[PDB]
Amino acid sequence: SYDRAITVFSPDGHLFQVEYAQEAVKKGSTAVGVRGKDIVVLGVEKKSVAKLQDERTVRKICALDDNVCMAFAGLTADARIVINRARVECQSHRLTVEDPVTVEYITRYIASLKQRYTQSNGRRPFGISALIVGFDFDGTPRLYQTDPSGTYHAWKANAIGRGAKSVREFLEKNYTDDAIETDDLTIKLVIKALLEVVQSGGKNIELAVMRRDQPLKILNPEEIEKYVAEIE
Amino acid sequence: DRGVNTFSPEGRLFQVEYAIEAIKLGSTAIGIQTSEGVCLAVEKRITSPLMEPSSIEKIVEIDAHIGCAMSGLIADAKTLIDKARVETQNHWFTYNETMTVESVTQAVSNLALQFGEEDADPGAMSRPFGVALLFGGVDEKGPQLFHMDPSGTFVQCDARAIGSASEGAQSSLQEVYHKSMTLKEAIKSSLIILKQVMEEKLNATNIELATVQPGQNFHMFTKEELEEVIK
Amino acid sequence: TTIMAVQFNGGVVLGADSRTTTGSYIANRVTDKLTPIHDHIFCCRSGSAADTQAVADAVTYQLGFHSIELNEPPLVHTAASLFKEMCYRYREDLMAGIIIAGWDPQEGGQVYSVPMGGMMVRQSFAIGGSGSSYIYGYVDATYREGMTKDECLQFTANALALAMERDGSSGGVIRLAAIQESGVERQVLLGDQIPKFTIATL
Amino acid sequence: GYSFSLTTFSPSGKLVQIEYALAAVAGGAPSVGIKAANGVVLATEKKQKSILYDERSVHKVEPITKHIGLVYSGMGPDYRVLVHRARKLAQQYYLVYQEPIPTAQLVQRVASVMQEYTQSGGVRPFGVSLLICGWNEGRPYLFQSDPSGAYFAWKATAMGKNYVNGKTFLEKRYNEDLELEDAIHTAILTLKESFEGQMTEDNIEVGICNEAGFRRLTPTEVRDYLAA
Amino acid sequence: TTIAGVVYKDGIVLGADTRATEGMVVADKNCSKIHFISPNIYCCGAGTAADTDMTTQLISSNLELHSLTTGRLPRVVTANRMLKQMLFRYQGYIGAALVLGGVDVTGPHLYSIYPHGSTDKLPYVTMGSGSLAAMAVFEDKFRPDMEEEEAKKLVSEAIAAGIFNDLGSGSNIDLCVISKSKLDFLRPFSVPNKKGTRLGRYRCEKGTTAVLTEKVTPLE
Amino acid sequence: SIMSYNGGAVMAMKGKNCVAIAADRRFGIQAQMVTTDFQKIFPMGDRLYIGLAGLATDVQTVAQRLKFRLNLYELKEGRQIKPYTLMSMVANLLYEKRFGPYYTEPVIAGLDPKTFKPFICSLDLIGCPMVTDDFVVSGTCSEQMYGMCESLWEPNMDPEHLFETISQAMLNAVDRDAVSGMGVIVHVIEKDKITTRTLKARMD
Amino acid sequence: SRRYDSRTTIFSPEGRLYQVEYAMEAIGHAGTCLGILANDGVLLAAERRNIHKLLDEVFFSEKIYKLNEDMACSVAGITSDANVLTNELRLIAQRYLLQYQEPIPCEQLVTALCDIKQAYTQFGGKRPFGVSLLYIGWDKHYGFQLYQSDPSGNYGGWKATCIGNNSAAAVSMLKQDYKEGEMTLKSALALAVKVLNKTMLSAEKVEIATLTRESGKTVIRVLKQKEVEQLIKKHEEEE
Amino acid sequence: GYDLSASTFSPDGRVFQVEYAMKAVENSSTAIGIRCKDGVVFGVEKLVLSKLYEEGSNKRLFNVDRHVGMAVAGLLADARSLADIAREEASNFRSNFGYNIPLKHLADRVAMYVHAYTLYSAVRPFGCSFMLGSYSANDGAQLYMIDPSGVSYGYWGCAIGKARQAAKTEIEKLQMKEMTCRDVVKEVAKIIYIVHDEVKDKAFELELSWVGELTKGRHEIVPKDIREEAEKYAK
Amino acid sequence: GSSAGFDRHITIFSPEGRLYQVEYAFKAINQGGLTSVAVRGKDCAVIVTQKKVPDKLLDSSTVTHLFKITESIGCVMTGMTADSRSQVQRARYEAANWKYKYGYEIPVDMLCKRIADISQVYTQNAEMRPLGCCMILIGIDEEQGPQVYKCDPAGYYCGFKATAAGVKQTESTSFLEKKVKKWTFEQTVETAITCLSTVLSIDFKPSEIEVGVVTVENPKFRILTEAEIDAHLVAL
């Protein structure tokens with residue numbers, strides 16, 4: 001078996017492998033997340049907008065369970081592995097405990113796995129960042145964000161990917177308690193943040209939503225075109 | 001290039017030395033031990049205003065009588081924290097009694113140098129943990145404050161500061177510290193020092209505070225409690 | 001099954017029956033129960049035919065490899081030690097009573113008895129098998145010290161014959177062997193050559 | 001042993017180790033395979049050129065089974081491992097299906113083993129190209145498995161030293177409706193286009209494959225074929 | 001089952017019955033008990049049929065591999081060694097009583113291997129349910145160095161004894177003559193049992209069977 | 001007995017240039033019938049069928065595992081498996097569980113893919129193959145099937161004649177058996193067609 | 001041991017996996033593999049590289065492999081690596097059918113193999129598989145489908161796609177020639193011939209397989225020499 | 001970089017890592033062995049590198065078996081591990097075959113175990129040489145020497161270490177074949193004193209061991225009386 | 001030729017397709033400074049070898065390059081001493097294992113093959129190096145007569161009429177070539193001793209060389225004594 005240490009410390013106390021894994025996330029597609037009052041929005045920028053491509057097989061916004069869903073940025077092949085592990089953990093938590101997992105519980109589990117790949121032999125770190133969003137049993141909108149290192153934080157509105165610095169900056173001076181007043185202003189907020197970074201904004205912006213006690217819904221080409229015209 | 005268990009010309013393991021340099025980049029944590037109890041404080045270092053301050057947890061409860069403040073790589077600390085928690089729960093199950101602060105620290109200090117490539121299985125650490133710990137609890141010997149670092153070396157101290165500004169904080173602890181301080185005085189001095197080595201204006205949501213008195217259990221100061229101590 | 005080994009000045013004298021039975025049926029009536037381990041080391045076999053054959057094979061493989069590395073003729077006691085080890089280690093499975101006998105330059109003619117349990121005892125003469133029970137009193141009253149090679153051959157043949165006539169699991173022909181510094185002297189005693197003893201009549 | 005790969009991808013997308021193993025096959029002794037309707041013929045240059053060497057001691061043309069023969073070009077020691085694996089792979093197939101393994105099935109199983117050495121840790125690729133021939137269901141088969149693990153079906157092919165000039169000459173003499181006897185002459189003729197000195201009965205090894213199974217020709221047989 | 005073998009003047013003669021029974025009912029009337037190990041070595045099988053078949057298939061496949069490696073004619077001791085070492089390792093769980101016999105460089109060799117792992121090298125052996133009947137014939141008529149035709153006659157008599165006296169034996173008599181220059185596999189060598197001719201014809205006429213559903217599917 | 005727990009019976013008969021395979025349809029635990037249309041015969045090719053009698057659970061397990069191996073075999077070397085080769089594959093599969101085997105005795109019936117020569121055989125639980133030139137039976141009423149088969153079977157029977165013979169054989173055999181019956185299905189394999197009919201049998 | 005290790009599964013300064021990137025360069029020189037999805041079927045068109053007068057035909061296909069009853073695939077890159085993957089695909093489909101007693105859906109099969117390719121670029125210290133695949137098949141959930149995976153484990157569903165030598169010129173010629181929703185098998189085959197002729201054409205230099213549905217049964221078949229020849233002549237009439 | 005691993009041959013066909021391990025044996029103190037007419041005598045010039053060490057510390061003479069002695073030179077840590085290995089072989093041998101292991105077989109077994117560390121890069125070659133001596137009533141007196149590569153030969157007189165080339169000459173003069181253990185003790189004691197460097201090295205202690213007919217075939221350290229009686233004759 | 005990566009450090013192909021490490025193992029065979037010669041007769045096989053013994057302190061009865069593998073097989077090692085003993089130990093185990101499993105003595109050509117198979121694994125695996133020794137086996141075949149086999153460190157083996165290994169290998173094969181181009185027990189022994197003598201020009205003495213033989217009448221392998229070697233040395 002391969003047992004060589006891949007991630008090790010450097011002279012100035014840096015884990016090069018983890019920093020190189022975070023560099024891959026910056027080259028990935030932009031994915032923003034906004035936490036509203038009774039709604040959670042996840043928007044992703046479809047870099048490749050090929051017309052010969054089946055859009056249903058390249059989606060970035062998945063579902064971990066009935067109340068938890070997530071988006072990612074970076075290596076697509078790594079994300080799938082992580083998402084499948086998180087899905088298996090959700091069913092395991094529904095078996096042992098007789099209740100659904102909380103958004104922080106699965107975020108903690110995904111972060112725990114990521115950290116393990118940064119301190120194990122014969123394996124490199126995951127090159128993705130996740131934006132776990134969902135609702136707890138009480139009906140509270142949660143928005144967490146994990147990264148390659150294995151550190152997770154709960155946010156109000158966050159963007160990850162290439163144009164995350166810009167989106168975040170724009171979100172900082174746009175996300176208020178009046179900007180997320182309803183279930184339409186939150187959607188208009190996610191689309192606004194994505195529109196200032198996504199080339200030819202409009203048909204290159206997939207976005208799903210999640211309301212309290214409700215599965216996950218992915219707005220289509222027409223639904224999202226009405227929100228993009230409303231803004232103007 | 002070299003292995004992870006390579007000794008240097010002086011006599012120190014490179015890897016361990018490099019992991020000690022990663023502990024001087026994290027937020028500052030301050031521990032003070034008194035006769036009334038131990039008090040732990042640590043800056044949260046909030047990067048953006050959109051992030052939830054409560055999501056950041058640098059002070060954790062190992063047990064009812066033991067608290068823990070960390071610094072450096074927070075993700076590495078979670079692995080150690082869980083070991084400490086299970087260790088104290090095992091002790092209770094086997095001896096029907098609580099574990100001492102010194103015993104817990106020693107048990108968590110045994111994982112420090114447990115890394116290496118060759119002659120090891122899949123579930124083995126490839127590198128050392130890049131994080132320093134500050135254990136503060138209350139046992140049979142009263143309040144106690146131990147400090148553990150990346151090399152697996154743990155000691156006992158009255159007032160220890162870890163993190164990027166530990167060097168500066170240390171000097172202030174040596175000046176404003178005596179062996180007769182009260183728990184309330186320890187807390188005040190902790191916030192003052194923490195307020196000088198910071199960049200952001202220390203508020204009630206910018207820092208974390210916890211004490212462990214002989215009477216009550218590990219308690220984490222609430223926003224109001226922290227706001228009334230800042231006065 | 002009846003096996004016997006006696007020692008004299010020069011070397012030893014081995015002998016056995018040739019009957020292999022399964023209940024009341026004789027599967028083989030001309031079986032060779034005397035197996036050569038080395039040039040001057042033989043072994044009589046009793047008990048289970050497959051157990052003793054596997055044990056004798058293993059010892060023969062080990063003793064020959066050991067004799068090549070040492071570049072020396074193996075000692076009889078070493079062959080007994082290898083049989084003893086296997087018979088003790090697998091005493092729950094194996095059902096073998098081996099008599100090891102041979103000659104070596106360091107100790108001359110030696111007979112080692114290795115019974116079912118896996119112990120190992122050196123004797124001046126030994127008897128094993130199911131038919132050995134009938135000849136304990138005869139080998140006790142008939143054996144004397146100072147027997148020659150020819151006297152040991154007659155004494156062994158007489159004892160085996162007495163046991164073959166009383167035991168249902170013994171019979172056939174008698175296979176003798178004489179081991180010395182020279183080599184081995186194998187010989188069979190068929191029907192009329194087998195020593196006879198009159199039956200009490202009225 | 002090592003757990004990492006010795007054969008990796010280069011900047012241009014090539015596996016140098018596999019490509020360097022093909023250079024070892026190219027410098028090897030010339031081999032010739034010809035499929036001629038009623039059978040297959042394998043011929044190889046076996047010049048020991050030293051006189052003390054016992055010609056009959058070793059063999060280049062080996063039978064894998066009753067109906068399959070083998071020939072090679074490149075490293076002899078590596079060829080012995082593959083021959084032993086092929087024989088084991090054929091016996092395993094016969095223990096499950098109770099019928100001689102088809103030539104095509106054996107060539108895939110042997111090529112799978114050669115591909116394993118170009119991806120496993122601490123090992124180099126085999127430095128031997130194979131030429132397998134067989135006869136199953138009234139049909140002659142001729143395959144060629146190289147160091148990379150790839151295998152192709154051929155009608156007539158050259159191997160080892162001067163194979164580029166062996167193919168051109170082989171293609172200018174090959175005929176669809178060719179009999180085994182006539183195929184054994186063209187196989188020796190293409191082997192004599194780079195044999196330097198004089199081809200003798202124990203200077204080259206020939207193996208034929210027809211409906212009666214695979215068998216290695218003998219010195220007597222080769223002598224008669226060499227005279228004509 | 002009645003299998004037997006003898007060592008004649010210049011070879012080995014094997015023989016066996018062809019009946020296969022499952023309990024007290026005849027399952028196979030023409031079964032083959034003489035198995036091929038190699039060109040010069042054959043094996044007769046008794047006891048468990050599934051074990052004897054799989055065991056002889058393995059040893060013969062191992063000897064074929066061994067024969068390819070060395071490039072020489074396989075020996076009977078090799079086969080004897082492989083079988084006894086395998087049967088002893090299964091502690092008699094692989095009920096395979098065989099009568100191994102062949103001819104190599106050291107002449108003709110006859111072996112009898114038992115399920116536990118013991119083997120015997122004799123001039124004539126018998127195995128199976130009717131082995132005692134065949135043995136009785138061998139104990140009263142076997143002569144050392146017999147002619148090929150005499151050995152075939154004695155072996156046939158031995159197999160016949162078990163066929164007409166043991167309930168587990170029946171059908172025909174298969175023989176196998178192995179020498180240094182040939183191997184004659186006579187199947188069958190004798191058909192001493194014949195089924196009586198049907199006295200009547202109960203031929204089922206078309207339309208005698210009532211059908212509920214029927215479907216036809218054409219093929220290519 | 002474990003083999004008579006579910007009951008059942010399969011049969012195979014050789015004709016001139018065709019083969020027939022029949023089986024009972026009853027599925028039941030001990031003396032209680034559950035369904036009357038349990039599949040016992042499975043198609044292993046266009047003209048290759050296999051019948052399985054014994055433990056119902058093992059019948060499905062062995063039938064599913066055989067398909068798994070057969071599918072891989074046909075993909076590897078693009079060709080339909082030969083009747084005799086399928087018997088070896090099944091024997092191997094059965095002998096793998098030498099000590100704790102499946103409780104089913106398969107019956108194979110079919111024609112060769114290039115010569116269409118009738119082939120029938122039957123193996124035991126541990127995989128002991130037995131090729132015959134007339135008929136093969138398997139099940140709880142094997143003794144009754146032998147009696148019917150031995151006196152009714154005729155050499156060189158045409159498809160029509162062959163069907164009637166195997167129908168009467170199974171029908172009369174399962175009527176003398178308590179745990180076998182509830183209907184009979186027959187498959188007559190020809191060179192260009194496969195006729196499948198269900199018989200009018202007793203339902204008690 | 002730590003000096004000979006080439007470190008195939010580690011990140012680089014810019015956050016890219018070199019081994020995977022180098023393996024995709026090997027697929028860019030291989031024979032052209034194209035896939036076109038129609039309304040009544042899906043086809044595969046691979047350019048034969050094994051071209052020689054002395055080369056025998058033996059097999060039923062050189063680049064196209066049948067995975068199971070309703071799925072076929074086309075490999076590109078290291079042919080030896082493709083032999084390991086195709087055998088694993090068949091074992092994955094057979095395992096799914098032994099568990100659910102039903103054919104495995106196209107996307108589930110592609111995902112299982114993409115998880116194996118992803119594992120060789122993360123741990124183990126071994127080189128990745130230098131082979132790109134094209135999957136065509138029909139399932140009861142999404143009907144006809146056309147997938148395409150790569151060395152890194154990435155994969156996507158397409159309407160029409162091409163991989164291998166000159167796959168960039170083919171893709172650009174497919175976008176301006178494909179009709180989303182209004183493509184028939186006959187018209188799809190014509191498009192394939194016009195794409196292979198542009199990125200190159202004889203009938204021995206190409207291999208065409210189609211996958212259609214007939215009486216609730218998937219049918220995969222390779223077009224015959226004559227069958228293809230006619231197609232090639234009909235494209236010459238329009239040129 | 002041909003000398004970085006033991007699993008690497010150099011351009012001229014040499015294993016440098018094995019030659020570097022023999023260089024460490026040349027820095028050690030000289031140890032000599034002499035086989036007389038009825039035994040073997042061992043003598044090491046133990047160099048005391050500190051006055052705080054107890055007289056007898058870091059002994060370079062061991063007891064691998066009751067009838068076998070072992071004189072070492074080179075890395076003490078490595079030599080001690082080899083002594084344990086030799087003790088196991090001898091112990092295992094007695095359990096298996098039922099008798100004392102012949103010295104030639106013990107030498108063979110240990111030499112082959114030492115040769116196994118000179119083939120791969122996973123480990124390193126031992127950096128210490130050692131002599132094995134024993135006496136048997138039937139076997140006689142035997143003296144073998146195993147070096148870092150794994151080569152082991154039988155000897156009459158042997159020396160390993162710093163001044164092993166100079167101690168060898170002073171051993172050829174003696175006629176050990178017709179000599180006796182009691183007389184050889186002084187001879188060996190004198191040889192060690194002559195070759196001992198007193199201008200470069202510091203102070204040393206004399207370690208003497210012997211096995212033969214006088215000790216009834218049992219290996220043991222030379223008695224104080226005899227040790228001091230030979231120490232005065234060599235001075 | 002050329003070099004790339006670590007081709008000269010481990011057993012991996014180079015640009016020209018050569019195994020440099022295996023080539024360096026052949027150069028290590030001449031680091032012992034000795035030379036062995038093997039000649040096949042008509043009823044025997046002869047093995048003679050240089051027996052260099054400098055110091056008189058070193059027991060000469062333990063300095064032998066002739067080893068007994070089995071009762072009928074004997075051999076002579078050339079090259080690294082430690083490697084040679086390791087290989088001899090394996091050969092003895094391989095031969096004893098063969099007899100145990102198959103019930104008959106291992107042929108000389110089969111033992112050589114088995115040993116060559118083990119040597120080929122070192123040329124493929126990069127974690128371990130090849131042995132720097134050479135083996136030559138002689139013995140009487142059941143139906144072939146005297147045999148002489150030789151397997152090198154590359155895993156390659158063969159059968160010979162007369163072969164030589166060591167520092168003086170080229171010249172020894174050039175002299176033996178002529179001898180076979182133009183043999184009784186005495187004639188064979190003298191031929192082998194002559195070849196070694198003329199190639200080194202030293203006029204070997206009774207205790208300067210070692211001789212091992214096998215005959216048809218006496219298959220048992222044995223090593224000629226000094227007196228026996230001197231009897232053949234005073235007849236040339």
# chains A, B, ... in the order shown; residues from 1 in each chain; ligands from 1
$ residues_around --residues "range 179-188 of chain G" --least-positions-apart "4" --cutoff "8 Å" --atoms "only C-alpha atoms" --output "PyMOL selection string"
(chain A and resi 52) or (chain G and resi 36-43+159+192)
$ residues_around --residues "residue 222 in chain D" --least-positions-apart "2" --cutoff "10 Å" --atoms "only C-alpha atoms" --output "list in words"
residues 184, 188, 200, 201, 202, 203, 204, 205, 206, 207, 217, 218, 219, 220, 224, 225, 226 and 227 of chain D
$ residues_around --residues "residue 13 in chain E" --least-positions-apart "3" --cutoff "8 Å" --atoms "only C-alpha atoms" --output "compact mmCIF listing (two decimals) with C-alpha atoms, in the first residue's frame"
# COMPACT_ATOMS: atom_id res chain seq x y z
CA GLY E 5 -6.43 -53.16 -11.82
CA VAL E 6 -3.57 -55.59 -12.35
CA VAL E 7 0.06 -55.43 -13.42
CA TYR E 8 0.67 -57.87 -16.27
CA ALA E 151 -4.79 -59.88 -17.83
CA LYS E 152 -7.79 -58.58 -19.76
CA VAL E 155 -9.77 -58.12 -14.93
CA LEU E 175 -11.27 -51.74 -19.67
CA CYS E 176 -8.04 -49.80 -20.12
CA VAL E 177 -4.85 -51.47 -21.30
CA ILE E 178 -1.73 -49.38 -20.76
$ closest_atom_pairs --of "chain H" --to "chain G" --cutoff "12 Å" --atoms "only C-alpha atoms" --output "tab-separated table"
residue	atom	partner	partner_atom	distance
H:1	CA	G:3	CA	11.3
H:4	CA	G:3	CA	10.6
H:5	CA	G:1	CA	10.0
H:7	CA	G:1	CA	10.9
H:120	CA	G:1	CA	10.2
H:121	CA	G:1	CA	7.4
H:122	CA	G:1	CA	7.8
H:123	CA	G:1	CA	11.0
$ write_last_selection --atoms "N, CA and C atoms" --output "tab-separated table (two decimals), in the first residue's frame"
chain	number	residue	atom	x	y	z
H	1	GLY	N	25.64	8.99	-7.20
H	1	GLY	CA	24.71	8.53	-6.18
H	1	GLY	C	24.53	7.03	-6.20
H	4	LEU	N	24.29	5.25	-2.29
H	4	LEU	CA	23.27	5.69	-1.34
H	4	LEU	C	22.38	4.55	-0.87
H	5	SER	N	22.39	3.44	-1.61
H	5	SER	CA	21.56	2.30	-1.26
H	5	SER	C	22.31	0.97	-1.39
H	7	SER	N	20.82	-1.71	-2.47
H	7	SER	CA	20.18	-2.42	-3.56
H	7	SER	C	20.59	-1.80	-4.88
H	120	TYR	N	18.60	-4.83	0.01
H	120	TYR	CA	17.59	-3.81	-0.26
H	120	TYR	C	17.88	-2.45	0.35
H	121	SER	N	17.10	-1.46	-0.08
H	121	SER	CA	17.23	-0.10	0.42
H	121	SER	C	16.31	0.13	1.62
H	122	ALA	N	15.52	-0.89	1.93
H	122	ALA	CA	14.59	-0.84	3.05
H	122	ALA	C	15.32	-0.88	4.38
H	123	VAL	N	16.54	-1.40	4.36
H	123	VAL	CA	17.35	-1.49	5.56
H	123	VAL	C	18.79	-1.14	5.22
$ closest_atom_pairs --of "chain I" --to "chain G" --cutoff "9 Å" --atoms "only C-alpha atoms" --output "CSV"
residue,atom,partner,partner_atom,distance
I:5,CA,G:4,CA,8.7
I:6,CA,G:4,CA,7.3
I:127,CA,G:1,CA,7.7
$ write_last_selection --atoms "N, CA, C and O atoms" --output "mmCIF file, in the first residue's frame"
data_model
loop_
_atom_site.group_PDB
_atom_site.id
_atom_site.type_symbol
_atom_site.label_atom_id
_atom_site.label_comp_id
_atom_site.auth_asym_id
_atom_site.auth_seq_id
_atom_site.Cartn_x
_atom_site.Cartn_y
_atom_site.Cartn_z
ATOM 1 N N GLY I 5 16.274 9.465 -15.954
ATOM 2 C CA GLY I 5 15.711 9.201 -14.643
ATOM 3 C C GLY I 5 16.647 8.474 -13.700
ATOM 4 O O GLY I 5 17.682 9.007 -13.305
ATOM 5 N N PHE I 6 16.275 7.251 -13.336
ATOM 6 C CA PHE I 6 17.072 6.436 -12.428
ATOM 7 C C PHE I 6 17.349 5.063 -13.024
ATOM 8 O O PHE I 6 17.334 4.061 -12.314
ATOM 9 N N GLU I 127 12.881 -2.718 -5.973
ATOM 10 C CA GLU I 127 13.195 -2.594 -4.553
ATOM 11 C C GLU I 127 14.447 -3.360 -4.128
ATOM 12 O O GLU I 127 15.075 -3.022 -3.129
#
$ closest_atom_pairs --of "chain G" --to "chain A" --cutoff "8 Å" --atoms "only C-alpha atoms" --output "Markdown table"
| residue | atom | partner | partner_atom | distance |
| --- | --- | --- | --- | --- |
| G:2 | CA | A:4 | CA | 7.8 |
| G:9 | CA | A:124 | CA | 6.7 |
| G:10 | CA | A:124 | CA | 5.7 |
| G:11 | CA | A:20 | CA | 6.0 |
| G:12 | CA | A:20 | CA | 6.3 |
| G:13 | CA | A:20 | CA | 5.7 |
| G:14 | CA | A:23 | CA | 6.2 |
| G:15 | CA | A:24 | CA | 4.5 |
| G:16 | CA | A:24 | CA | 6.6 |
| G:114 | CA | A:77 | CA | 8.0 |
| G:115 | CA | A:81 | CA | 7.3 |
| G:118 | CA | A:77 | CA | 6.3 |
| G:122 | CA | A:123 | CA | 5.6 |
| G:123 | CA | A:123 | CA | 4.3 |
| G:124 | CA | A:2 | CA | 5.1 |
| G:125 | CA | A:2 | CA | 5.8 |
| G:152 | CA | A:77 | CA | 7.0 |
| G:153 | CA | A:77 | CA | 5.6 |
| G:154 | CA | A:77 | CA | 5.4 |
| G:156 | CA | A:57 | CA | 5.9 |
| G:157 | CA | A:54 | CA | 5.0 |
| G:158 | CA | A:53 | CA | 4.4 |
| G:159 | CA | A:52 | CA | 5.1 |
| G:160 | CA | A:52 | CA | 6.1 |
| G:161 | CA | A:52 | CA | 7.7 |
| G:175 | CA | A:52 | CA | 7.0 |
| G:180 | CA | A:52 | CA | 7.8 |
$ residues_around --residues "range 116-120 of chain I" --least-positions-apart "6" --cutoff "7 Å" --atoms "only C-alpha atoms" --output "list in words"
residues 77 of chain D; 130, 151, 153, 154, 155, 156 and 157 of chain I
$ write_last_selection --atoms "C-alpha atoms" --output "PDB file, in the first residue's frame"
ATOM      1  CA  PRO D  77      14.223 -14.378 -18.972  1.00  0.00           C
TER       2      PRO D  77
ATOM      3  CA  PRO I 130      20.288  -8.742  -8.516  1.00  0.00           C
ATOM      4  CA  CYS I 151      22.656 -19.440 -14.951  1.00  0.00           C
ATOM      5  CA  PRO I 153      22.412 -12.833 -12.618  1.00  0.00           C
ATOM      6  CA  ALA I 154      20.202 -11.722 -15.532  1.00  0.00           C
ATOM      7  CA  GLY I 155      17.987 -14.768 -15.046  1.00  0.00           C
ATOM      8  CA  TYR I 156      19.290 -16.333 -18.248  1.00  0.00           C
ATOM      9  CA  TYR I 157      20.409 -19.958 -18.181  1.00  0.00           C
TER      10      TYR I 157
END
$ atom_distance --atom1 "CA of residue 44 in chain B" --atom2 "CA of residue 215 in chain B"
27.8 Å
$ select_by_dssp --residues "range 30-190 of chain B" --states "strand (DSSP E)" --output "JSON, numbers by chain"
{"B": [30, 31, 32, 33, 38, 39, 40, 41, 42, 43, 59, 60, 61, 66, 67, 68, 69, 70, 71, 72, 131, 132, 133, 134, 135, 136, 137, 138, 139, 142, 143, 144, 145, 146, 147, 148, 154, 155, 156, 159, 160, 161, 162]}
$ residues_around --residues "residue 228 in chain G" --least-positions-apart "2" --cutoff "12 Å" --atoms "only C-alpha atoms" --output "count of residues only"
27
$ interface_residues --of "chain H" --to "chain C" --cutoff "12 Å" --atoms "only C-alpha atoms" --output "list in words"
residues 93, 94, 95, 96, 97, 98, 99, 100, 101, 102, 103, 104, 105, 106, 107, 108, 109, 137, 138 and 139 of chain H
$ interface_residues --of "chain I" --to "chain H" --cutoff "8 Å" --atoms "only C-alpha atoms" --output "list in words"
residues 9, 10, 21, 24, 25, 26, 27, 28, 29, 31, 56, 57, 58, 59, 60, 61, 62, 63, 81, 82, 83, 85, 86, 127, 128 and 129 of chain I
$ residues_around --residues "residue 52 in chain E" --least-positions-apart "2" --cutoff "10 Å" --atoms "only C-alpha atoms" --output "ChimeraX atom specification"
/E:33,35,43-50,54-58,94-98,115 /F:128
$ atom_distance --atom1 "CA of residue 182 in chain I" --atom2 "CA of residue 53 in chain D"
15.8 Å
$ closest_atom_pairs --of "chain D" --to "chain B" --cutoff "12 Å" --atoms "only C-alpha atoms" --output "JSON lines"
{"residue": "D:1", "atom": "CA", "partner": "B:118", "partner_atom": "CA", "distance": 11.7}
{"residue": "D:2", "atom": "CA", "partner": "B:118", "partner_atom": "CA", "distance": 11.1}
{"residue": "D:3", "atom": "CA", "partner": "B:118", "partner_atom": "CA", "distance": 11.4}
$ write_last_selection --atoms "N, CA, C and O atoms" --output "tab-separated table (two decimals), in the first residue's frame"
chain	number	residue	atom	x	y	z
D	1	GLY	N	8.18	-4.17	-0.91
D	1	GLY	CA	8.43	-3.62	-2.22
D	1	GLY	C	7.82	-2.24	-2.38
D	1	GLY	O	7.02	-1.82	-1.56
D	2	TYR	N	8.19	-1.55	-3.45
D	2	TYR	CA	7.66	-0.22	-3.72
D	2	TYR	C	6.18	-0.29	-4.06
D	2	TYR	O	5.71	-1.27	-4.63
D	3	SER	N	5.44	0.75	-3.70
D	3	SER	CA	4.01	0.78	-3.95
D	3	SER	C	3.62	1.82	-4.99
D	3	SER	O	2.46	1.92	-5.37
